[PDB]
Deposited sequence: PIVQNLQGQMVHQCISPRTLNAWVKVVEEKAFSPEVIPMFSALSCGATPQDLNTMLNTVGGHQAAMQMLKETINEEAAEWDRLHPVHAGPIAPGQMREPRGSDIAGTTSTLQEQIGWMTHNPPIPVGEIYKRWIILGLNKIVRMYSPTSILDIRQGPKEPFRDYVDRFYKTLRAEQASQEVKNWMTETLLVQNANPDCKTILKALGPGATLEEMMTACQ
C-alpha cells in the first residue's frame, strides 16, 4: 500500500494477506466480504489488489467472472481516456495499467503519489468491487419472494433471513409474515418502523 511517513510505499503485511485469504475461505461471497475487502485494501496499489485476488485458491469461476468485469471496465476507461514518451516523464495510464497487468510498481507509485494524484489504486478497487457485487448477486441462493415466516419461527429470526436475503440480492415483509404476525402488523397501520413491527410480533 501507499501510506503516510511523505506518502511512501509499504509492503503488504502477512496479517493483511492472511486476513483476506481467511475471509474468503470462511465466508465465500456472502455480501459482508466486500466491505472487508475494501477495508483490507486501504491504500492498496494495483499490484496489491492483484496480490489479494491472486492469493485466493478456490472460487476460480468467480475469479474468471471478475477478470471479465475488469476487462470491460478497462475497455470503458480506454474509450474515455485514450493515451497519446517524454524522457523521465509520467505516462498516462491505460485500463491495463490501472489493473496492474501492464504497469510496474514504480509507475503505480508515481501515479498514486503525483500532485495531483492519479488514484489508480482507487479506480481499480471500484472495478473490482463492481465485479464482486455481481458475484455476490450470482451466488445469492434465494429470492426474497421465498423468504416467508414459518408458523413457529420467531419474527426476529424471520426478519434476519429477510434482510440477509435482500442484502445478497441487491410491504413484502408484512406479506411474507405468518398469519398471526401478519394480523398484528396489519393492525399497526402504515408508517410503523421496523422496531415497532418487531416489538409487536415479539
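Positions of the deposited sequence absent from the coordinates, in order: 6-8, 88-90, 177-187.
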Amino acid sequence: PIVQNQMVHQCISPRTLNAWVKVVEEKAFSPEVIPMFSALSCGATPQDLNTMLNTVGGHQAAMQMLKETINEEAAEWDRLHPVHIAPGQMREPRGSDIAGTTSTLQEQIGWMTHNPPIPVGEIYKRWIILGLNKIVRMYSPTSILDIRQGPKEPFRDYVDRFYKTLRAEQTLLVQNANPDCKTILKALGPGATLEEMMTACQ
From here on, numbers count along this sequence of modelled residues.
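Among other compared entries that model residues flanking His84, a third or more give it no coordinates. Legend: mean Cα B-factor per stretch from the PDB entry, 35-43 versus 146-154; the higher mean is in 146-154. Comparing the deposited coordinates for 114-122 and 127-135, the stretch with the larger average C-alpha B-factor is 114-122. The PDB entry assigns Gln170 a C-alpha temperature factor belonging to the highest third of its chain's modelled residues. When the modelled residues of the chain are ordered by C-alpha B-factor, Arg161 sits in the lowest third. Annotation for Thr193: CA B-factor lies in the highest third of the chain's modelled residues. Remark: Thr183 belongs to the highest third of its chain, ranked by C-alpha B-factor as recorded. The deposited CA B-factor of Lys27 belongs to the highest third of values across its chain.
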